[PDB]
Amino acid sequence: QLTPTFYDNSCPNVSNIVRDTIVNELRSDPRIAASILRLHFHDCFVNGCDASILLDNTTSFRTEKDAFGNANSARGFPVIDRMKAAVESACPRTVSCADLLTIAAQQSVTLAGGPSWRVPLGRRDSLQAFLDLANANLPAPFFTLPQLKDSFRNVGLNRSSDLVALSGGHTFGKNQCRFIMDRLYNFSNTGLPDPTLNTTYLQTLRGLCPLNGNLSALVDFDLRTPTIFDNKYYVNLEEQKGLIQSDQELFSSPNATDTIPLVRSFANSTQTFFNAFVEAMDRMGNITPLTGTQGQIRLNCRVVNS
């Protein structure tokens, strides 16, 4: 079983070293907290939180960094290297990259103003990466609600609360114009915008993402508080101001009978949202972990120990 006190004897200062690394990076890159949380999410949705996403290419297996959900999107890898090196210096061969990334995600959420809690620990590192699995398992912004639900259930998260609370990760961070172009100009081959997108916000987004414009341009997931981890994401949904299709569907999909009440509850109470987010985060962090003597304690998160 994973436990929050796993390193209290072997590396009591791990969380503090992780936090310091993020605080320092945030001064030059205010987006890093969001980026780190997403790295953890994409690690857990592919063979569990086993740091498989951190592995680079080898002649025997491809890196997950080239998956459709990671390529030209996932970022922050050098920062993870930096904190890993610091932790290795403080406590040699003790903290796994899988655990390191989990702590980094929690600390990132807290530093951004979110809830503070001690994540379960004891995960170990994978001996390979899974590109095909990443392409199959990572959800896409154009998924319908049934597909989003299918994606979460596929990795072990059956609850609507898991999906609604974790989607709250979009209370901060950036998104490329590429992923919303259809909603703005030609949704589902209608030549018209997505009707569930607020028309006033539609104009704002069209201004940021013009037709035939820079598809790589970045837009904030949360128009209310772009870099603060709070429940504003849900208030946006209630006003049809979710940025991507997968966001708005939680509130507007014909299949949202079970998700709508959750969206409202999280929009109405920060405490309700924060509690649900921590619960969902720990559940996601509990997806098929390698424990005990399974896997290893990777020294360089980019390569398997030899």
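Each residue number is its position in the shown sequence, starting from 1.
Between the stretches 36-44 and 233-241, it is 233-241 that shows the larger average CA temperature factor. Between 270-278 and 47-55, it is 270-278 that carries the larger average Cα temperature factor according to the deposited entry. Going by the entry's values, 199 shows the largest Cα B-factor out of 216, 167, 199, 151. If you compare the C-alpha temperature factors of 146, 114, 173, 120 in the entry, 114 comes out highest. Placement of the Cα temperature factor of residue 285 within the chain: lowest third of the modelled residues, per the deposited record. Annotation for residue 183: C-alpha temperature factor in the lowest third relative to the rest of the modelled chain, per the entry.
Residue 26 sits in the highest third of its chain by CA B factor, as recorded in the PDB entry. Sort the modelled residues of the chain by CA B factor and residue 86 lands in the highest third. Residue 127: CA B factor lies in the middle third for its chain, per the PDB record.
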